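Working notes for the structure below.
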Amino acid sequence: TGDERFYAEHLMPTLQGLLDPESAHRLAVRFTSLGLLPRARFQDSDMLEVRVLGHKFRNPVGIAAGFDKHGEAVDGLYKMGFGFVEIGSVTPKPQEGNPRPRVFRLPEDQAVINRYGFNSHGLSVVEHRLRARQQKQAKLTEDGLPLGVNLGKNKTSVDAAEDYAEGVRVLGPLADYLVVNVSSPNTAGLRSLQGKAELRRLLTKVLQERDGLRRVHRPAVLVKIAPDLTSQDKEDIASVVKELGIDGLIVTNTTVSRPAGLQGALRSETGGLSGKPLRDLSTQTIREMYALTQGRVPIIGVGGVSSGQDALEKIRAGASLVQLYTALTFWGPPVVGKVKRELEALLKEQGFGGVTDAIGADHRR
Ligand SMILES: Cc1cc2nc3c(=O)[nH]c(=O)nc-3n(C[C@H](O)[C@H](O)[C@H](O)COP(=O)(O)O)c2cc1C
Ligand SMILES: Cc1nc(Cl)sc1C(=O)Nc1ccc2ccccc2c1
Ligand SMILES: O=C(O)c1cc(=O)[nH]c(=O)[nH]1
């Protein structure tokens with residue numbers, strides 16, 4: 001499409017050449033929140049509809065956590081064409097995150113490295129922001145456009161489990177699903193919460209708090225995991241998920257690895273790497289987690305999705321829904337319709353009646 005080309009070849013490179021990545025992001029969030037977006041001409045066909053997590057999703061392509069950290073651009077994101085929106089991570093108290101600069105573009109690799117460290121307006125601010133549009137969201141969700149809330153923990157928190165529990169109590173009633181983010185590489189000690197005993201204890205508390213919410217305000221609970229886990233880690237996560245009845249998994253967060261072949265000058269910056277070099281590592285993690293959970297636990301696949309083929313590979317590997325973030329940084333808003341259009345075409349070409357038929361298809365061949 002003309003829009004795709006204009007954004008890819010002209011607008012985005014100009015934006016990028018004029019502003020550092022954090023400023024560019026702040027501006028993108030502002031424009032999104034004002035609905036200043038190119039025409040999402042793409043109409044979602046029935047083939048793209050998915051029913052999972054106790055909800056209908058008009059299409060399976062969502063915006064990943066981190067773009068709208070504080071819940072400021074939710075409606076603009078649906079307008080962009082996303083079938084669902086996840087905000088966060090939100091921490092219990094407000095916090096500034098790491099010192100700048102803390103995000104870096106690797107254009108030669110179509111990758112980003114970030115070390116934001118959970119900059120967050122905090123639960124109270126986000127709660128009021130979501131309450132101000134709560135009934136509009138109730139109608140969106142009913143219409144097949146659900147909202148997810150991703151929870152983090154404060155840097156100085158003594159008790160991680162209580163941080164997450166507070167998030168469940170405060171934002172749980174405003175969310176269709178909650179994400180327990182235990183996979184940020186930018187908060188010290190956080191990833192150790194993926195370990196079997198820590199995870200079991202943490203998630204038992206989270207699920208207890210969730211179950212204590214009134215029925216119409218009771219969200220699904222998902223756990224978002226790293227792409228850098230050992231086989232033992234993945235086995236243990238699968239075991240805990242099945243033991244506790246966790247509703248789903250988000251696979252994956254950014255990687256602390258630096259795959260061979262990265263060309264960007266900034267490849268050795270500390271932080272999580274996202275984008276294209278993450279793609280197949282993420283897809284393989286989805287494939288493994290789907291097998292370990294016997295295809296019975298919904299997976300949202302995320303990491304390096306920039307095309308319909310990327311989306312479909314994750315869906316065939318076992319993802320019921322997919323998310324993207326970094327591709328937006330390079331291709332802008334037209335990438336969303338592009339992914340949906342290509343995905344629909346590929347589903348038809350490969351003989352699937354719809355997205356639902358393709359979920360986990362690789363494991364049945
Ligand atoms: C700048 C930036 C900030 C992010 N912040 C969060 C976050 O706060 N919580 C979270 O769970 N994931 C966060 N992520 C990870 C994304 O949600 C996603 O898992 C990861 O970037 C891989 O997807 P992608 O390759 O499409 O970007 C962030 C990613 C980036 C690039
Ligand atoms: C389309 C448009 N009209 C005016 Cl005026 S400014 C503007 C505009 O620049 N919109 C953008 C550009 C890039 C983006 C990247 C990510 C997310 C949202 C984005 C919105
Ligand atoms: O805030 C962060 O730095 C952040 C959190 C997260 O979950 N993933 C990431 O790449 N960065």
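Positions are given from 1, in the same order as the sequence printed here. Both counts, for ligands and for their atoms, begin at 1 and track the order of listing.
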If you have a sec, work out which protein heavy atom is nearest [atom] and how many Å separate them, to one decimal?
| atom | answer |
| --- | --- |
| atom 9 (N) of ligand 1 | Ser89 OG, 2.8 Å |
| atom 8 (C) of ligand 2 | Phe31 CD1, 3.6 Å |
| atom 8 (N) of ligand 3 | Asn253 OD1, 2.7 Å |
| atom 11 (O) of ligand 1 | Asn150 ND2, 2.9 Å |
| atom 16 (C) of ligand 2 | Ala28 CB, 3.7 Å |
| atom 5 (Cl) of ligand 2 | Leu36 CD1, 4.4 Å |
| atom 18 (C) of ligand 1 | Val302 CG2, 3.7 Å |
| atom 8 (O) of ligand 1 | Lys69 NZ, 2.7 Å |
| atom 19 (C) of ligand 2 | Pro333 CG, 3.5 Å |
| atom 12 (C) of ligand 2 | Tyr7 CE2, 3.9 Å |

Residue pair [X] / [Y], side-chain donor-acceptor N/O under 3.5 Å:
| X | Y | answer |
| --- | --- | --- |
| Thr141 | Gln137 | yes |
| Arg287 | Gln284 | yes |
| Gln309 | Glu342 | no |

Is it the side chain (CB and beyond), the backbone, both or neither of [X] that lies under 4.0 Å from ligand 1, heavy atoms counted?
| X | result |
| --- | --- |
| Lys224 | side chain |
| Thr326 | both |
| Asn253 | both |

Can you find a pair of side-chain heavy atoms, one from [X] and one from [Y], that are under 4.5 Å apart?
| X | Y | answer |
| --- | --- | --- |
| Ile250 | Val302 | yes |
| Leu151 | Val149 | yes |
| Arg105 | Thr329 | yes |
| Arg131 | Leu174 | yes |
| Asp20 | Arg26 | no |

Exceeds 12 heavy-atom contacts within 6.0 angstrom, atom [atom1] of [X]:
| X | atom1 | answer |
| --- | --- | --- |
| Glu9 | CD | yes |
| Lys155 | NZ | no |
| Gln350 | CD | yes |

For [X], take its heavy atoms, then give the atoms of ligand 3 lying under 4.0 Å from any of them.
| X | result |
| --- | --- |
| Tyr116 | 1 (O), 2 (C), 3 (O) |
| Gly117 | 1 (O), 2 (C), 3 (O) |
| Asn114 | 2 (C), 3 (O), 4 (C), 9 (C), 10 (O), 11 (N) |

Between ligand 3 and [X], is the shortest N or O to N or O distance under 3.5 Å?
| X | result |
| --- | --- |
| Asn186 | yes |
| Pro185 | no |
| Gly272 | no |
| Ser89 | no |
| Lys69 | yes |
| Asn119 | no |

Measure from NZ or CZ of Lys69 to the centre of the six-membered ring of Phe118, then state whether that distance is under 6.0 Å and the direction lies within 45° of the axis.
no
I want to confirm something. Looking only at heavy atoms, which of [options] is nearest to [atom]?
| atom | options | value |
| --- | --- | --- |
| atom 16 (C) of ligand 1 | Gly301, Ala65, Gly66, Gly62 | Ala65 |
| atom 20 (C) of ligand 1 | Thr254, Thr187, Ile225, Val182 | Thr254 |
| atom 3 (C) of ligand 1 | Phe67, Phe104, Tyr325 | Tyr325 |
| atom 21 (O) of ligand 1 | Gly303, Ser274, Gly117, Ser183 | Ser274 |
| atom 30 (C) of ligand 1 | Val251, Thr329, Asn114, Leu278 | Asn114 |
| atom 7 (O) of ligand 3 | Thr255, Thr252, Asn181, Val103 | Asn181 |
| atom 5 (C) of ligand 3 | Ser120, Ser183, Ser184 | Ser184 |

Can you tell me which residue among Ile225, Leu229, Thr252 is in a side chain to side chain contact (heavy atoms under 4.5 Å, CB included) with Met289?
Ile225
Residue that, paired with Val168, satisfies side chain to side chain contact (heavy atoms under 4.5 Å, CB included) out of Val221, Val180, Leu178
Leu178
Quick check on contacts: which atoms of ligand 2 are under 4.0 angstrom from a heavy atom of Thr32?
17 (C), 18 (C)
Taking the ring of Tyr177 and the ring of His55, is the distance between their centroids below 6.0 Å?
no
At the 4.0 Å heavy-atom cut-off, does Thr252 count as touching ligand 1?
yes
Work out whether the distance between some heavy atom of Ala327 and some atom of ligand 1 is less than 4.0 Å.
no
So, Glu49 and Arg58, do they make that salt bridge, N to O below 4.0 Å?
no
Given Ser282, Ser183, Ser184, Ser274, the one that forms side chain to side chain donor-acceptor pair (under 3.5 Å) with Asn253
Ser183
Taking distance alone, with no angle check, do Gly275 and ligand 1 share an N/O pair under 3.5 Å?
yes
Under the criterion salt bridge (charged side-chain N to carboxylate O under 4.0 Å, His left out), I'd like the reasoning laid out for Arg133 against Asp75: C-alpha separation, chi angles, the key distance, then a yes or no.
CA-CA 9 Å; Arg133 61 178 294 285; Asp75 296 294; 2.9 Å; yes
